[PDB]
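Data block below; observations after.
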Amino acid sequence: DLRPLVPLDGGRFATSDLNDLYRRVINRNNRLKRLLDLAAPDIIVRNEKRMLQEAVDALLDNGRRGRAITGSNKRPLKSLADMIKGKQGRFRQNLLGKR
Amino acid sequence: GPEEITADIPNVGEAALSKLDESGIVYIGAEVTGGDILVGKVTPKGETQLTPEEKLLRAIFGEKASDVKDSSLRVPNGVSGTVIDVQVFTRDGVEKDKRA
Amino acid sequence: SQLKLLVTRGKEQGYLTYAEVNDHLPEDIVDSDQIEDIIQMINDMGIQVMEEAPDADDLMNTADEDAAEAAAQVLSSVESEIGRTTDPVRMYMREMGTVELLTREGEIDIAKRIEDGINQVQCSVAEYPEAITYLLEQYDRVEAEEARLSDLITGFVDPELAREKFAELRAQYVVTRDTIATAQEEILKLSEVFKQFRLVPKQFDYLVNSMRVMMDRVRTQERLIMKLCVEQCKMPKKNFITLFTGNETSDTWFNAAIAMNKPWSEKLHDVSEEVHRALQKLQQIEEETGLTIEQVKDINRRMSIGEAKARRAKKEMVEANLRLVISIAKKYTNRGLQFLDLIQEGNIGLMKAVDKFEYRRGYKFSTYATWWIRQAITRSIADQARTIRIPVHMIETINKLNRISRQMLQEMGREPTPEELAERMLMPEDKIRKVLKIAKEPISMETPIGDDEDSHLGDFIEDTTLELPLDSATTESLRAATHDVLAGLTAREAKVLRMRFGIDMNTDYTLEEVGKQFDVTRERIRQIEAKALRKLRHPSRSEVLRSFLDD
Amino acid sequence: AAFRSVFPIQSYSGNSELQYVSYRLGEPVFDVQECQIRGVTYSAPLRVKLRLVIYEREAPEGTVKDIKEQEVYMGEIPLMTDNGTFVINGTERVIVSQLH
Amino acid sequence: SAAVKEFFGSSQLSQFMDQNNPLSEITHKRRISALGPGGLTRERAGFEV
Amino acid sequence: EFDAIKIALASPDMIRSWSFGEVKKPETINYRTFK
């Protein structure tokens, strides 16, 4: 419910980026697991480990180091830090000034 | 399912429907004010799964919680004016009601 | 290090432009992303690199302070390197570029390598009596129709010919097996004839991994003799190589290990129990698997050798083809899956290909592997491209829709009405509306409507499940009113009313449980409930109650 | 002056030039009242009479030998009403001049 | 059509015609903005303009 | 009700206590019946 997938009007859902980021991390995590089951040549599993690391690193703090992954809107999608940190995180607006 | 615009809406007396015509949409020229219904629209509620003692109060007075709840277009509060025109855009698949 | 005095310049000015941070850069930076990262590192410690003259009259220092020297260290180091260690894609491109893309008919060579690598394991299988006994048991098992006869083979090297060459296997196996110095030639020739077969995949897989399980039980008892004595009893490693290694079944290497009367030997009395019992284990296990230990030991050892040879060449095969894989994947790039997802799914398909190859078909490996890889890549793009997983045939329908829509847009003048697509396609015209409302992607709840506050979309979504505080404060009043009404009733009728619904208790009860509570039939209870209801229906107990029915 | 800037477009020496001949502004489907009522952008179709000429790769300097002709549809262009305003989705809009 | 339609339909130089008035329309048509794509923003300018 | 708030690292153990079961697949809803 903190990262919902609310149904807007017209069968056009609205979600927060965190679902996209969690998809991106779970996909590469599962793919790494299957690579480790297949006993792949360590070149591909190395690339998979690095991909999973970038996924987790963009889930934790997107835009921190590696040119943040952009969502489907062209846009650098938010991560847990951006829901916390900055002018727009929790600590600033809804944590100080509310309706 | 669909949503209707019929002039029969649950949980409102006939006194609040002297404005709506049979087809559900207000008469052109009627003087409405806040809280009146400009359009009578209901959406299906399935299903309620009601409470304790509310169940007893239902049994006592033999009523039935309606399968529908109403989401009808009422004048925003404060407004007070004359309905001067009403258009009815209908999707192509649907069939026009009486007012359209 | 002009960078280092660039930092001091940006400080002693209190700000840096893009002009200065383009002047005092390294002259050898070609990858712009390095410029990105370093200007970020600069701003992280101060000072912020705006693009012009300002900060002229803006005298506002959040850049303190431990970050300053660390970031200066990182900047002074960025010249010591050249990058990049920040793009996985480019590091993978380099990684595959390491392997020379020259396997020009060396493929067939390494493929024959794979073939005669996975047949040393074939022989080590052929020397494993337990797997071959399983094959015999399942011959007599499937020919008795305990499974489909194809449960043994994915093709072979005739039903009655199959079963009767299995019969000759049975006869050669008995002459192999009851001839306990006669077993040598019989078993070896039967393995020669046996190596002309072609198992079911799962059959061979299970039988060989249970071969591994057998040798690993032997290996576990080896542990039980090793760490219990050499590493725990402080048995001499040279001793463990001397006495135990070589005999392994007799009692002359451990029971003649305490008995060797040494500082090491007569300390074996405390871990003597589990070695005593492990000898029993291994001595019965010799017959349990069907042969004394060392034989099947080194047969599965050569098995390991052969499998290692097989795998180590499939590596070179896979890399030489992934050089192609990247290229083949590049034509699926915008389809919803970022690039390195595509090439990783491709490489999974590529391993699939290399483990299903044949030089016998005389063609070029490229076409076979590229079929595999395009199939698996489009499988990926289908199965993990959207936030709501829509099936693949549905994606086919959507693609048809997009193509025919673009076509009607430029053939039928203005645009395609879905009533018109209902004819242009052979679909039922609500399938079309459905598939159109199903193919759309979700709006991001943080997409900002460009208003004053810069509030996004996810802050204008009411919560249509909560109950309005007026409604909860009503039914609390309803609990009050109903309890009041019941209070003015006989205890029989009141308890029956409560127990009948769930009023201010746990679960409501059927009439029979109620009669249980009062020792009555359910008809008595229905009478009580009906009388209480009739009593309550009248006003003076029902005015406020019926007013709760606001209508 | 936006068609000449890109026409004629030749192949990469391909002896085939797609050249522009003229264009024309279609008739608007809806006039501005109906365009506001329906929520449409009041505009006009834009027909363009391109022409594919081909030369076979012999001589001399691309012999024009196998040419075509058509009327293509490249997009609809919104129209300024008699008071200098557009109807973009039924809403009146105005394009404010920029100072660059 | 997509490019020109996103110009006309969504960009800082395509605004609701203020119409509460005859003068409001006639002075919103004759307006010379200094913003938008191809023109400086509010932060970057700034008392130059 | 409460008092000071502690922040710190979280072991994998503490994280497994926080959860109510592991998430294995990357799918969200069922696209036709949106359960």
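Each chain of the structure tokens is named A, B, ... in the order shown, its residues numbered from 1; ligands are numbered from 1 in display order.
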Any idea which chain A residues end up within 7 Å of chain F if we count only C-alpha atoms, as number ranges by chain please?
-> A: 23, 26-27
Kindly provide the residues of chain C that approach chain B to within 10 Å, each paired with its closest atom pair and their distance in Å to one decimal, based on only C-alpha atoms, listed by chain and increasing number, as CSV.
residue,atom,partner,partner_atom,distance
C:418,CA,B:92,CA,10.0
C:419,CA,B:92,CA,8.4
C:429,CA,B:93,CA,9.6
C:430,CA,B:93,CA,9.6
C:475,CA,B:54,CA,8.0
C:478,CA,B:53,CA,7.5
C:479,CA,B:53,CA,6.7
C:480,CA,B:53,CA,9.9
C:481,CA,B:53,CA,9.4
C:482,CA,B:53,CA,6.6
C:483,CA,B:53,CA,8.8
C:497,CA,B:56,CA,8.0
C:498,CA,B:53,CA,8.4
C:500,CA,B:56,CA,9.1
C:501,CA,B:52,CA,6.5
C:502,CA,B:52,CA,5.2
C:503,CA,B:52,CA,5.2
C:504,CA,B:52,CA,7.5
C:505,CA,B:52,CA,9.1
C:506,CA,B:52,CA,9.9
C:507,CA,B:52,CA,9.7
C:508,CA,B:52,CA,8.7
C:530,CA,B:60,CA,9.8
C:532,CA,B:60,CA,9.4
C:533,CA,B:60,CA,5.9
C:534,CA,B:60,CA,7.7
C:535,CA,B:60,CA,9.3
C:536,CA,B:60,CA,6.7
C:537,CA,B:60,CA,5.5
C:538,CA,B:60,CA,9.2
C:542,CA,B:60,CA,8.7
C:545,CA,B:57,CA,6.9
C:546,CA,B:61,CA,7.1
C:548,CA,B:57,CA,8.2
C:549,CA,B:57,CA,8.2
C:550,CA,B:11,CA,7.5
C:551,CA,B:11,CA,5.1
At a cut-off of 8 Å, which residues of chain E touch chain D? Count only C-alpha atoms and give the answer as a PDB file with N, CA, C and O atoms, in the first residue's frame.
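Output below, filename part09.pdb:
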ATOM      1  N   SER E   1       2.684  14.888 -37.886  1.00  0.00           N
ATOM      2  CA  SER E   1       1.490  15.295 -37.165  1.00  0.00           C
ATOM      3  C   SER E   1       1.718  15.245 -35.668  1.00  0.00           C
ATOM      4  O   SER E   1       1.246  16.119 -34.938  1.00  0.00           O
ATOM      5  N   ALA E   2       2.459  14.244 -35.191  1.00  0.00           N
ATOM      6  CA  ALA E   2       2.724  14.148 -33.762  1.00  0.00           C
ATOM      7  C   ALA E   2       3.513  15.347 -33.266  1.00  0.00           C
ATOM      8  O   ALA E   2       3.164  15.949 -32.245  1.00  0.00           O
ATOM      9  N   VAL E   4       3.910  18.420 -34.612  1.00  0.00           N
ATOM     10  CA  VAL E   4       3.201  19.695 -34.665  1.00  0.00           C
ATOM     11  C   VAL E   4       2.026  19.702 -33.697  1.00  0.00           C
ATOM     12  O   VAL E   4       1.674  20.748 -33.135  1.00  0.00           O
ATOM     13  N   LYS E   5       1.438  18.538 -33.433  1.00  0.00           N
ATOM     14  CA  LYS E   5       0.282  18.477 -32.556  1.00  0.00           C
ATOM     15  C   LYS E   5       0.693  18.581 -31.101  1.00  0.00           C
ATOM     16  O   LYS E   5      -0.078  19.064 -30.270  1.00  0.00           O
ATOM     17  N   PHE E   8       1.316  22.517 -30.721  1.00  0.00           N
ATOM     18  CA  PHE E   8       0.079  23.256 -30.504  1.00  0.00           C
ATOM     19  C   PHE E   8      -0.650  22.820 -29.250  1.00  0.00           C
ATOM     20  O   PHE E   8      -1.255  23.659 -28.581  1.00  0.00           O
ATOM     21  N   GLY E   9      -0.601  21.542 -28.901  1.00  0.00           N
ATOM     22  CA  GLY E   9      -1.413  21.042 -27.816  1.00  0.00           C
ATOM     23  C   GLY E   9      -0.802  21.146 -26.438  1.00  0.00           C
ATOM     24  O   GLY E   9      -1.530  21.159 -25.444  1.00  0.00           O
ATOM     25  N   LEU E  13       4.003  28.183 -25.000  1.00  0.00           N
ATOM     26  CA  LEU E  13       3.478  29.245 -25.839  1.00  0.00           C
ATOM     27  C   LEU E  13       2.115  28.912 -26.413  1.00  0.00           C
ATOM     28  O   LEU E  13       1.677  29.575 -27.354  1.00  0.00           O
ATOM     29  N   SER E  14       1.445  27.898 -25.886  1.00  0.00           N
ATOM     30  CA  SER E  14       0.064  27.602 -26.231  1.00  0.00           C
ATOM     31  C   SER E  14      -0.745  27.598 -24.946  1.00  0.00           C
ATOM     32  O   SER E  14      -0.693  26.632 -24.184  1.00  0.00           O
ATOM     33  N   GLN E  15      -1.508  28.660 -24.718  1.00  0.00           N
ATOM     34  CA  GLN E  15      -2.159  28.844 -23.434  1.00  0.00           C
ATOM     35  C   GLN E  15      -3.656  28.949 -23.629  1.00  0.00           C
ATOM     36  O   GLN E  15      -4.141  29.207 -24.730  1.00  0.00           O
ATOM     37  N   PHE E  16      -4.389  28.717 -22.547  1.00  0.00           N
ATOM     38  CA  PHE E  16      -5.806  29.025 -22.562  1.00  0.00           C
ATOM     39  C   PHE E  16      -5.994  30.490 -22.892  1.00  0.00           C
ATOM     40  O   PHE E  16      -5.284  31.349 -22.370  1.00  0.00           O
ATOM     41  N   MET E  17      -6.878  30.775 -23.826  1.00  0.00           N
ATOM     42  CA  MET E  17      -7.075  32.156 -24.147  1.00  0.00           C
ATOM     43  C   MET E  17      -7.822  32.719 -22.972  1.00  0.00           C
ATOM     44  O   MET E  17      -8.919  32.273 -22.665  1.00  0.00           O
ATOM     45  N   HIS E  28      -4.270  39.198 -24.754  1.00  0.00           N
ATOM     46  CA  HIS E  28      -3.533  37.953 -24.668  1.00  0.00           C
ATOM     47  C   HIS E  28      -3.069  37.492 -26.031  1.00  0.00           C
ATOM     48  O   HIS E  28      -2.102  36.735 -26.127  1.00  0.00           O
ATOM     49  N   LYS E  29      -3.722  37.948 -27.093  1.00  0.00           N
ATOM     50  CA  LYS E  29      -3.213  37.645 -28.420  1.00  0.00           C
ATOM     51  C   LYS E  29      -1.957  38.439 -28.725  1.00  0.00           C
ATOM     52  O   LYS E  29      -0.979  37.879 -29.219  1.00  0.00           O
ATOM     53  N   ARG E  30      -1.955  39.729 -28.423  1.00  0.00           N
ATOM     54  CA  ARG E  30      -0.811  40.599 -28.667  1.00  0.00           C
ATOM     55  C   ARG E  30       0.209  40.493 -27.555  1.00  0.00           C
ATOM     56  O   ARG E  30       0.595  41.497 -26.980  1.00  0.00           O
ATOM     57  N   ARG E  31       0.661  39.307 -27.216  1.00  0.00           N
ATOM     58  CA  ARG E  31       1.540  39.175 -26.073  1.00  0.00           C
ATOM     59  C   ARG E  31       2.887  38.663 -26.531  1.00  0.00           C
ATOM     60  O   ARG E  31       2.977  37.844 -27.444  1.00  0.00           O
ATOM     61  N   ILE E  32       3.936  39.151 -25.904  1.00  0.00           N
ATOM     62  CA  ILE E  32       5.293  38.851 -26.329  1.00  0.00           C
ATOM     63  C   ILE E  32       5.975  38.187 -25.146  1.00  0.00           C
ATOM     64  O   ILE E  32       6.635  38.845 -24.342  1.00  0.00           O
ATOM     65  N   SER E  33       5.860  36.874 -25.050  1.00  0.00           N
ATOM     66  CA  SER E  33       6.469  36.179 -23.940  1.00  0.00           C
ATOM     67  C   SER E  33       7.954  36.010 -24.202  1.00  0.00           C
ATOM     68  O   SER E  33       8.419  36.088 -25.333  1.00  0.00           O
ATOM     69  N   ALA E  34       8.705  35.793 -23.143  1.00  0.00           N
ATOM     70  CA  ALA E  34      10.142  35.638 -23.272  1.00  0.00           C
ATOM     71  C   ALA E  34      10.585  34.312 -22.694  1.00  0.00           C
ATOM     72  O   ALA E  34      11.740  34.160 -22.294  1.00  0.00           O
ATOM     73  N   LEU E  35       9.679  33.354 -22.636  1.00  0.00           N
ATOM     74  CA  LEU E  35       9.921  32.030 -22.096  1.00  0.00           C
ATOM     75  C   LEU E  35       9.662  30.988 -23.178  1.00  0.00           C
ATOM     76  O   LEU E  35       9.480  31.308 -24.352  1.00  0.00           O
ATOM     77  N   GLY E  36       9.670  29.723 -22.781  1.00  0.00           N
ATOM     78  CA  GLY E  36       9.311  28.658 -23.680  1.00  0.00           C
ATOM     79  C   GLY E  36      10.509  27.973 -24.293  1.00  0.00           C
ATOM     80  O   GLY E  36      11.663  28.340 -24.054  1.00  0.00           O
ATOM     81  N   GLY E  38      13.269  27.320 -26.716  1.00  0.00           N
ATOM     82  CA  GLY E  38      13.954  28.289 -27.533  1.00  0.00           C
ATOM     83  C   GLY E  38      14.146  29.635 -26.880  1.00  0.00           C
ATOM     84  O   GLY E  38      14.734  30.527 -27.496  1.00  0.00           O
ATOM     85  N   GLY E  39      13.666  29.811 -25.653  1.00  0.00           N
ATOM     86  CA  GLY E  39      13.796  31.065 -24.941  1.00  0.00           C
ATOM     87  C   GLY E  39      14.193  30.851 -23.497  1.00  0.00           C
ATOM     88  O   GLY E  39      13.949  29.779 -22.938  1.00  0.00           O
ATOM     89  N   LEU E  40      14.797  31.860 -22.881  1.00  0.00           N
ATOM     90  CA  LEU E  40      15.360  31.699 -21.553  1.00  0.00           C
ATOM     91  C   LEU E  40      14.261  31.434 -20.532  1.00  0.00           C
ATOM     92  O   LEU E  40      13.098  31.787 -20.720  1.00  0.00           O
TER      93      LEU E  40
END
Taking into account only C-alpha atoms, which residue in the set F:10, F:32, F:5, F:15 is nearest to residue 11 in chain A?
->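 Smallest separation from residue 11 in chain A among the options: F:32.
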Dump as JSON lines the rows for residues of chain E within 12 Å of chain C: closest atom pair and distance in Å with one decimal, only C-alpha atoms counted, ordered by chain and rising residue number.
{"residue": "E:1", "atom": "CA", "partner": "C:409", "partner_atom": "CA", "distance": 11.9}
{"residue": "E:10", "atom": "CA", "partner": "C:450", "partner_atom": "CA", "distance": 11.5}
{"residue": "E:11", "atom": "CA", "partner": "C:450", "partner_atom": "CA", "distance": 11.5}
{"residue": "E:12", "atom": "CA", "partner": "C:450", "partner_atom": "CA", "distance": 11.0}
{"residue": "E:43", "atom": "CA", "partner": "C:54", "partner_atom": "CA", "distance": 10.5}
{"residue": "E:44", "atom": "CA", "partner": "C:52", "partner_atom": "CA", "distance": 8.7}
{"residue": "E:45", "atom": "CA", "partner": "C:54", "partner_atom": "CA", "distance": 10.4}
{"residue": "E:46", "atom": "CA", "partner": "C:54", "partner_atom": "CA", "distance": 9.8}
{"residue": "E:47", "atom": "CA", "partner": "C:54", "partner_atom": "CA", "distance": 11.3}
{"residue": "E:48", "atom": "CA", "partner": "C:54", "partner_atom": "CA", "distance": 11.8}
Enumerate the residues of chain A with a DSSP assignment of strand (DSSP E or B), computed from the backbone, and present them as a list in words.
->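 Going through chain A, the strand (DSSP E or B) residues come out as residues 7, 13, 14, 15, 70 and 76 of chain A.
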For CA of residue 82 in chain C and CA of residue 18 in chain C, determine how far apart the two atoms are, in Å to one decimal place.
->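 Calculated distance between CA of residue 82 in chain C and CA of residue 18 in chain C is 21.1 Å.
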Selection: 8 Å around residue 375 in chain C, only C-alpha atoms, excl. self and same-chain fewer than 4 positions, as a PDB file with N, CA and C atoms, in the first residue's frame:
ATOM      1  N   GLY C 349      19.906 -18.372 -23.660  1.00  0.00           N
ATOM      2  CA  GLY C 349      19.584 -19.137 -24.856  1.00  0.00           C
ATOM      3  C   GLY C 349      20.814 -19.729 -25.525  1.00  0.00           C
ATOM      4  N   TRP C 371      18.699 -18.943 -34.009  1.00  0.00           N
ATOM      5  CA  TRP C 371      17.299 -19.298 -33.819  1.00  0.00           C
ATOM      6  C   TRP C 371      16.981 -19.444 -32.338  1.00  0.00           C
ATOM      7  N   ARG C 379      11.036 -14.374 -25.900  1.00  0.00           N
ATOM      8  CA  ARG C 379      10.375 -14.895 -24.711  1.00  0.00           C
ATOM      9  C   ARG C 379      10.584 -13.972 -23.521  1.00  0.00           C
TER      10      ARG C 379
END
Separation of CA of residue 82 in chain B from CA of residue 18 in chain B in Å =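 Separating CA of residue 18 in chain B from CA of residue 82 in chain B is a distance of 14.8 Å.
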Using 10 Å as the limit and counting only C-alpha atoms, can you tabulate each residue of chain C that touches chain D, with its shortest atom-to-atom distance in Å and the two atoms involved, as CSV?
residue,atom,partner,partner_atom,distance
C:409,CA,D:73,CA,9.8
C:410,CA,D:73,CA,7.1
C:411,CA,D:73,CA,9.3
C:413,CA,D:73,CA,8.1
C:414,CA,D:45,CA,8.6
Identify every residue of chain D that has at least one atom within 12 Å of any atom of chain B, counting only C-alpha atoms, and report the result as a PyMOL selection string.
-> chain D and resi 37-39
